[PDB]
Amino acid sequence: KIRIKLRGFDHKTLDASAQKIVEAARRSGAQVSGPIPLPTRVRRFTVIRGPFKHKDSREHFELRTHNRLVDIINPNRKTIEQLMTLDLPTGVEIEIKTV
Amino acid sequence: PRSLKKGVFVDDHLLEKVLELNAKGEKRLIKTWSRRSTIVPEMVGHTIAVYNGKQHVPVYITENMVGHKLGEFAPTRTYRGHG
Amino acid sequence: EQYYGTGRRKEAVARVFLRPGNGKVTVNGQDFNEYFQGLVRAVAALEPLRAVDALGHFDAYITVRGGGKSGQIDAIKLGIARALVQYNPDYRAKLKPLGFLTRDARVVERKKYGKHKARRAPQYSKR
Amino acid sequence: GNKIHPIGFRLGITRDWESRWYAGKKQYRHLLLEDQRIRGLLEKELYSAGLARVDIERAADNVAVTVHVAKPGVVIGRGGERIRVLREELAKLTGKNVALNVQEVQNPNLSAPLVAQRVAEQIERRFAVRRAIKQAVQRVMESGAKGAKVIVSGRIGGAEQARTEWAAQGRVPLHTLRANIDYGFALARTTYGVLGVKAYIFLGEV
Amino acid sequence: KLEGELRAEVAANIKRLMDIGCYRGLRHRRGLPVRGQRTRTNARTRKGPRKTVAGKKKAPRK
Amino acid sequence: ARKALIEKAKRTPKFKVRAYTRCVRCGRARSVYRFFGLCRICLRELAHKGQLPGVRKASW
Amino acid sequence: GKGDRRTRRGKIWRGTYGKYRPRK
RNA sequence: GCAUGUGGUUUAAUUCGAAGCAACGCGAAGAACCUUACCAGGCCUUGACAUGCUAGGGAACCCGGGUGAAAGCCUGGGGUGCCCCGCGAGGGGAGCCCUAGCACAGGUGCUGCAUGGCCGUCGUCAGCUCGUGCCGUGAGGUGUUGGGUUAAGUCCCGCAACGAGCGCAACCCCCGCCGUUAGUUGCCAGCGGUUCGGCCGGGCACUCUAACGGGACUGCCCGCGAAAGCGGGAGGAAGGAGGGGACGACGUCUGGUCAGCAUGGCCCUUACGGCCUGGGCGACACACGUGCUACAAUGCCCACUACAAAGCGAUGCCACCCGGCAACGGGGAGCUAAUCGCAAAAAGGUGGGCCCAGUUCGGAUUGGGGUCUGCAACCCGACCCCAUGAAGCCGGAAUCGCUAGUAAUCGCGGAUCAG
Ligand SMILES: NC(=O)OC[C@@H](O)C[C@H](NC(=O)[C@H]1NCCC[C@@H]1O)C(=O)N[C@@H](Cc1cnc(N)[nH]1)C(=O)N[C@H](C(=O)O)[C@H](O)c1cnc(Cl)[nH]1
Ligand SMILES: [Mg+2]
Ligand SMILES: [Mg+2]
Ligand SMILES: [Mg+2]
Ligand SMILES: [Mg+2]
Ligand SMILES: [Mg+2]
Ligand SMILES: [Mg+2]
Ligand SMILES: [Mg+2]
Ligand SMILES: [Mg+2]
Ligand SMILES: [Mg+2]
Ligand SMILES: [Mg+2]
Ligand SMILES: [Mg+2]
Ligand SMILES: [Mg+2]
Ligand SMILES: [Mg+2]
Ligand SMILES: [Mg+2]
Ligand SMILES: [Mg+2]
Ligand SMILES: [Mg+2]
Ligand SMILES: [Mg+2]
Ligand SMILES: [Mg+2]
Ligand SMILES: [Mg+2]
Ligand SMILES: [Mg+2]
Ligand SMILES: [Mg+2]
Ligand SMILES: [Mg+2]
Ligand SMILES: [Mg+2]
Ligand SMILES: [Mg+2]
Ligand SMILES: [Mg+2]
Ligand SMILES: [Mg+2]
Ligand SMILES: [Mg+2]
Ligand SMILES: [Mg+2]
Ligand SMILES: [Mg+2]
Ligand SMILES: [Mg+2]
Ligand SMILES: [Mg+2]
Ligand SMILES: [Mg+2]
Ligand SMILES: [Mg+2]
Ligand SMILES: [Mg+2]
Ligand SMILES: [Mg+2]
Ligand SMILES: [Mg+2]
Ligand SMILES: [Mg+2]
Ligand SMILES: [Mg+2]
Ligand SMILES: [Mg+2]
Ligand SMILES: [Mg+2]
Ligand SMILES: [Mg+2]
Ligand SMILES: [Mg+2]
Ligand SMILES: [Zn+2]
């Protein structure tokens, strides 16, 4: 019933955080569809290296927003009362939609 | 060309000067900068000096020159040939 | 009852399902020969069977997605060979000679900057 | 037109970012510029305290600016006053709940950005440039370091002819990715002009 | 409206434009492009074949 | 990046269409990335410093 | 015929749609 | 032939830099006004921006008129907040404003031969050096050389040398095979139900998605070789750096850039600063550079019919209905997105047309009628439809690219961006 999307830049912190949530939902009474690796949206940037002329050298930067889904079916109360007590990585955004 | 929904475009402040010159029956020279203005049949028979980036040049407006914009009659650059 | 083998080739992925019988073959809900309507190369996809002599002793339910149809052909062609071995591990001996178990490592090369094409350098011409 | 910025190369492998947050396309533009206004100010206001890094972690309407500083008292202030002034002026320019903490760079001899600076000062104060360097590199290796290197470039001494001085000890493996290598750059501003100091410090194989 | 009877209208249309003394007029008159192309290169169909002229010695010496 | 034009840049102008971006840093008019509000010089520089979050160097 | 704005190829290349290469 | 850049010339101005390789679709990943640095004209002078200072007038701020191309210039009204002393009239004060005057700001003005930073380059070429010892009066040599090997100053043998640092390699990323964890917005293998859409049940097998891992070492066999290593074979998805990336040594070029930024010095300050409107960067007897589209039948056109990846999008992408030949417009669902969309992939396949022709090849040029964006498409936008249907029948002397999923060929996306 409770569906958590996990979108962040760093995939270590992103992946870590999602383990802290697969276990949180275990020690509270529910079954869970695991942390599902949704595909990752890359934003590339292609700057000329030098300041003036010299177009024939660039440098390639990218920006990788990583995506993990997690579902907790059979959602109890002892579940929620262990979730609004977490928060442990900084560069990870959470959004919860009870759908 | 300009979309037909929005009619034609003339700068209100050129259209201004003419209506006063018409609704008083006076034919005194006008100067403007807005080349970009279309030519409504209201302008006909008048004389408008228009800017071409350097000066205002007179443009006597006859009938057949109505669909156009004023700028078409003051060229912007000066050409002779190559020597 | 079935025998599977997963054949991929260059952004193509083929799903081969083998079931003995007549000889007929479906790809993506169409007859093999209707899917590859006028493609000469197509016949090559069924070379893994012919070289063990099991063409006709089987059918095939196949699906492909990705790549061009030829890419799909060498992927099926792999996938069938991958499948003849889950069925008969002794078939390896017959297929590896002509190397029908080999995933073609070859694939489209990254366009590189300051080229027109990965290699195709821009033209230097005159002085 | 030669070598790659030793950090941006190692970045994500053996070296971390100075801003750590997520932001969608909508918000990112400005939380960035907001960081840069922060790092703009603390950089001016804390040169006296010798500051290495300005970490900016972020939540929602929350900013955890960790300031990494040689002389942590100078940042704090007598009584505890100076830090309060910053935190207010920060939360002014930010308009958010600024959480400024302070962290003691325990050894400025292994902070490239600091070694860099210390040299630049020395250069500004008109010190001998060659000595200034050998003696800096010296201090760096003396304190654990596995390799170090300093490059002063510009109008060295008075000098009409702008040249480049440099010096190193140990290994400074700019190609080796797993090498933890601190880089820092200082700019000395002088009556005769401007010179740049790069300092590389090789710290350990990972 | 067809054949040479159409050649009439197109002809006397350009004719109008020149007689008006509008930009597109001069461009028609001088045999240049009209819809606003570049002229420093190309623009050949409007000026016919290429009347090559003298030119100078660049860049260092010869 | 003459000073006035950096300011003019910000002035909400007589028409919606004289809207143009410059670099929040140098003020450079020309190669400015929406998303960062930075030019392709500044981007490059701040990216290496490590001050554009999650901005790695690409390689594939 | 990629320069010919009265062909499918013509519109295919110009990236437009018209009579000669319509949508649906 | 056309698109762009450049030389030149022209111009009121055609802003400026880039100049053999290493300038010339280069700074420009978006010049109608803006951008914009140039030109003409009308404007402002503590200034569009910073921190102040002396003297007077003011709360700040809000709305309207005149003149004008706008900018600017002149003018009318509304408004009395906050801090301290006082019973009060009221004086003082913070902030902000105006006027005068002073520090000053501003300058894309000069010098890249005063510089920082960053870049191009020889050159991902295999080199450049140091400690100690040794040789030599010494500059210097040795090592690093020689013979074999290698993509390699890679290793082997040798040797007055033994090491070490920067470089090669490796550690990092992508692709190729398999594993474990993971089952949604993805997937459909057997099964239940079907409106025949994986649509619904259900299931994660498979595909995939994406995070961690395994796997390759000349390890095995034969032949040559003191050795290193080389040739050939077997197993293997992969074999001798498996394919591609990121990664540029000491230095060279008085290389490039003061117009990204920063900065020494010189120069301007009612002008070289700043605002605006219009013009210019788009000029055209000509010349080169880079490219597009062609000269056709291994083709062209029309219809029907398949198979991608990578990205992008809730100020946007816009499914589907309607009008319209169409660009597009009106209505309107889904989608902050593995769901909704851009999205037709084109070459390919099947059918039919043309029949060697300046053509059903080519689609310049121009005439006419519309659409959209935008305050505004004359100079100078793209797009649609009708008509026009130029050169061009495979390119002289010269000259470029590429050694395998490469070249050739065919479409698709993105950055900048109202367009
Ligand atoms: N980068 C580089 O090395 O050059 C490469 C190529 O461009 C040469 C270039 N070639 C051409 O134009 C030819 N090519 C075709 C077009 C015309 C012409 O026929 C050139 O200009 N040559 C003469 C010309 C000339 C006759 N008379 C004066 N005063 N000049 C020259 O100028 N020589 C110089 C010298 O005499 O010193 C030069 O500095 C030089 C020094 N050493 C050598 Cl070798 N060359
Ligand atoms: Mg390069
Ligand atoms: Mg008016
Ligand atoms: Mg390709
Ligand atoms: Mg690829
Ligand atoms: Mg190029
Ligand atoms: Mg192309
Ligand atoms: Mg160097
Ligand atoms: Mg230097
Ligand atoms: Mg400046
Ligand atoms: Mg714009
Ligand atoms: Mg045709
Ligand atoms: Mg120029
Ligand atoms: Mg200059
Ligand atoms: Mg352009
Ligand atoms: Mg302009
Ligand atoms: Mg202007
Ligand atoms: Mg009181
Ligand atoms: Mg009072
Ligand atoms: Mg200045
Ligand atoms: Mg130089
Ligand atoms: Mg120069
Ligand atoms: Mg001696
Ligand atoms: Mg040597
Ligand atoms: Mg090599
Ligand atoms: Mg070596
Ligand atoms: Mg069924
Ligand atoms: Mg289901
Ligand atoms: Mg892996
Ligand atoms: Mg051996
Ligand atoms: Mg390497
Ligand atoms: Mg020079
Ligand atoms: Mg130009
Ligand atoms: Mg020519
Ligand atoms: Mg219709
Ligand atoms: Mg529509
Ligand atoms: Mg087709
Ligand atoms: Mg046919
Ligand atoms: Mg002919
Ligand atoms: Mg012919
Ligand atoms: Mg090669
Ligand atoms: Mg394209
Ligand atoms: Mg776009
Ligand atoms: Zn910038």
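Numbering, chain F: per Swiss-Prot, residues 2-61 in sequence.
Even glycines carry a Cβ here, placed using N, Cα and C.
As recorded in Swiss-Prot:
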BINDING   F:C24, F:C27, F:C40, F:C43  Zn(2+) binding site
Residues close to Zn(2+) site centre defined by F:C24, F:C27, F:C40, F:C43, Cβ within 8 Å: F:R23, F:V25, F:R26, F:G28, F:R29, F:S32, F:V33, F:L39, F:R41, F:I42, F:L44
Under 8 Å by Cβ from F:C24 (Zn(2+) binding site), counting only residues of that chain that are 6 or more apart: F:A2, F:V33, F:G38, F:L39, F:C40, F:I42, F:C43
Binding-site residues compared (F:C27, F:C43) - highest count of Cβ atoms within 10 Å: F:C43
All-chain count of other Cβ atoms within 10 Å of F:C40 (Zn(2+) binding site): 25
